[PDB]
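Following: one structure in structure tokens, then a few remarks.
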Amino acid sequence: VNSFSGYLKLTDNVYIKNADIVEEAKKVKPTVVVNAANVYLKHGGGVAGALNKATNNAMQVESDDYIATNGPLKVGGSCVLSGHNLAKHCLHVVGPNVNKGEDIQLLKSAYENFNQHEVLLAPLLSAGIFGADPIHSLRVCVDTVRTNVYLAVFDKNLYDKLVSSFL
Ligand SMILES: OCc1nc2ncc(Br)cc2[nH]1
């Protein structure tokens, strides 16, 4: 039993809600919140900009130190950093950005990072400003993630379409 509330169950391990991931993180304080990161951990907009803003820029400060030490992530890769006031940990996951020409096949590799954590609150990777079809992202999520994932979808219209079209 966990504290996530109001999710629709899609499969044995995948759940979904029409919610702002920031507000959902602040309320649940999950062990792991997933950020829709880019390789530079520059949290400017989309989900990353919103998460970082909610940490009063502390996420960005931590991220800049991480990059200065380690260099950029790989597309499809991830790193675990602090969750600040939102969660115990933040799993920064880089899905391919379609508006950068990156191979959508890397979406499965991106979701594989979720399997290193027993429970996660997450957005749909590569959705929104990353330019991929959120319906396809949900399909890859369900077919790749085996751990317990709670998906927050900001847009109600999108949330309703994802549910109604789910196979
Ligand atoms: O909590 C305020 C907020 N702003 C946001 N912008 C984009 C996304 Br996705 C989620 C957001 N949550």
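Letters for chains follow the order of the structure tokens (A, B, ...), residue numbers begin at 1 for each chain, and ligand numbers begin at 1 in the order shown.
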Show me which residues sit within 12 Å of ligand 1 when counting only C-alpha atoms and all ligand atoms, and put them as a PyMOL selection string.
chain A and resi 18-27+34-37+43-55+86+122-130+151-156+158
Per-residue DSSP, chain A, filtered to strand (DSSP E or B), as a ChimeraX atom specification:
/A:8-9,14-18,32-36,78-82,89-93,119-122,148-153
Pull N, CA and C atoms from the residues just selected and write them as a short mmCIF file (atom, residue, chain, number, x, y, z; two decimals), in the first residue's frame.
```cif
data_model
loop_
_atom_site.label_atom_id
_atom_site.label_comp_id
_atom_site.auth_asym_id
_atom_site.auth_seq_id
_atom_site.Cartn_x
_atom_site.Cartn_y
_atom_site.Cartn_z
N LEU A 8 -6.02 5.93 -12.25
CA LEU A 8 -6.63 4.86 -13.01
C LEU A 8 -5.56 3.80 -13.27
N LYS A 9 -5.92 2.53 -13.09
CA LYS A 9 -4.99 1.43 -13.26
C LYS A 9 -5.02 0.99 -14.71
N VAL A 14 1.25 -0.10 -14.16
CA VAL A 14 1.18 1.26 -14.68
C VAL A 14 -0.16 1.90 -14.30
N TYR A 15 -0.08 3.11 -13.74
CA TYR A 15 -1.22 3.89 -13.24
C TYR A 15 -1.13 5.31 -13.78
N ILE A 16 -2.25 6.05 -13.79
CA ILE A 16 -2.29 7.37 -14.44
C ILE A 16 -3.32 8.30 -13.80
N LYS A 17 -2.99 9.60 -13.78
CA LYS A 17 -3.84 10.62 -13.19
C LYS A 17 -3.69 11.93 -13.96
N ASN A 18 -4.77 12.71 -14.00
CA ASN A 18 -4.71 14.08 -14.51
C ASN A 18 -4.28 14.97 -13.36
N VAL A 32 10.80 8.65 -5.33
CA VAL A 32 11.39 9.05 -6.60
C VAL A 32 10.37 9.84 -7.41
N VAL A 33 10.73 11.06 -7.79
CA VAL A 33 10.05 11.79 -8.85
C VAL A 33 10.96 11.82 -10.07
N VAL A 34 10.39 11.56 -11.24
CA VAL A 34 11.13 11.59 -12.49
C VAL A 34 11.04 12.98 -13.09
N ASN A 35 12.19 13.52 -13.49
CA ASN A 35 12.26 14.73 -14.28
C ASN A 35 12.47 14.41 -15.75
N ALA A 36 11.75 15.14 -16.60
CA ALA A 36 11.95 15.16 -18.05
C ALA A 36 13.16 16.03 -18.37
N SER A 78 20.21 8.57 -17.55
CA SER A 78 19.64 9.16 -16.36
C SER A 78 20.71 9.36 -15.30
N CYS A 79 20.36 10.15 -14.30
CA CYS A 79 21.13 10.22 -13.07
C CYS A 79 20.17 10.46 -11.92
N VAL A 80 20.58 10.02 -10.74
CA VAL A 80 19.82 10.21 -9.51
C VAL A 80 20.43 11.39 -8.76
N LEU A 81 19.62 12.39 -8.47
CA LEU A 81 20.02 13.53 -7.67
C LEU A 81 18.99 13.73 -6.56
N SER A 82 19.17 14.78 -5.78
CA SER A 82 18.23 15.06 -4.70
C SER A 82 16.84 15.37 -5.23
N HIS A 89 14.31 11.52 -3.83
CA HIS A 89 15.24 11.55 -4.95
C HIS A 89 14.53 12.06 -6.19
N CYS A 90 15.30 12.68 -7.08
CA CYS A 90 14.84 12.96 -8.44
C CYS A 90 15.66 12.12 -9.41
N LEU A 91 14.97 11.31 -10.20
CA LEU A 91 15.58 10.58 -11.30
C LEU A 91 15.44 11.44 -12.55
N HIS A 92 16.55 12.06 -12.97
CA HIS A 92 16.57 12.87 -14.19
C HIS A 92 16.76 11.92 -15.36
N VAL A 93 15.75 11.81 -16.22
CA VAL A 93 15.77 10.88 -17.35
C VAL A 93 15.68 11.68 -18.63
N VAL A 119 9.18 2.13 -7.09
CA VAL A 119 8.00 2.97 -7.26
C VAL A 119 8.45 4.35 -7.71
N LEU A 120 7.74 4.94 -8.68
CA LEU A 120 8.09 6.27 -9.17
C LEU A 120 6.84 7.07 -9.51
N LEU A 121 6.93 8.38 -9.31
CA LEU A 121 6.01 9.36 -9.88
C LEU A 121 6.70 9.95 -11.10
N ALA A 122 6.00 9.97 -12.23
CA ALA A 122 6.68 10.34 -13.46
C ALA A 122 5.74 11.07 -14.41
N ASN A 148 6.57 -0.11 -10.36
CA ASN A 148 5.28 0.56 -10.18
C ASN A 148 5.42 2.04 -10.53
N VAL A 149 4.75 2.46 -11.60
CA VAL A 149 4.87 3.83 -12.09
C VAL A 149 3.51 4.52 -12.05
N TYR A 150 3.52 5.71 -11.47
CA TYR A 150 2.37 6.59 -11.32
C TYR A 150 2.60 7.78 -12.23
N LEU A 151 1.85 7.83 -13.32
CA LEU A 151 2.02 8.83 -14.36
C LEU A 151 1.09 10.00 -14.11
N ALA A 152 1.68 11.19 -14.05
CA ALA A 152 0.95 12.44 -13.92
C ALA A 152 0.91 13.11 -15.28
N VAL A 153 -0.30 13.45 -15.72
CA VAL A 153 -0.53 14.12 -16.99
C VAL A 153 -1.17 15.46 -16.69
#
```
Rounded to one decimal place, report the atom CA of residue 65 of chain A-atom CA of residue 115 of chain A distance in Å.
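Separation of atom CA of residue 65 of chain A and atom CA of residue 115 of chain A: 26.0 Å.
The two atoms in question, atom CA of residue 106 of chain A and atom CA of residue 11 of chain A, are spaced 22.7 Å apart.
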Shell of 12 Å around residue 136 of chain A, only C-alpha atoms, local chain residues under 4 positions omitted, as a ChimeraX atom specification
/A:104-105,107-108,124-127,131-132,140-143,162,165-167
Of the residues A:68, A:145, A:39, A:58, which is the one nearest to residue 96 of chain A, using only C-alpha atoms?
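The closest residue to residue 96 of chain A is A:39.
Closest approach to residue 133 of chain A among A:98, A:163, A:110, A:67 is made by A:98 (distances from only C-alpha atoms).
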Write out as a PyMOL selection string all residues of chain A that DSSP puts in helix (DSSP H, G or I) for this structure's backbone.
chain A and resi 21-28+46-54+58-70+98-100+106-116+128-130+134-144+156-164
Please measure the separation of atom CA of residue 85 of chain A and atom CA of residue 2 of chain A, giving the value in Å to one decimal.
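According to the coordinates, atom CA of residue 85 of chain A and atom CA of residue 2 of chain A are separated by 19.1 Å.
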Nearest to residue 73 of chain A by atom-to-atom distance, counting only C-alpha atoms, from A:10, A:135, A:94, A:1:
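The answer is A:94, which sits nearest to residue 73 of chain A.
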Given only C-alpha atoms as the counted atoms, nearest of A:100, A:63, A:57, A:88 to residue 75 of chain A
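Between A:100, A:63, A:57, A:88, the residue approaching residue 75 of chain A most closely is A:100.
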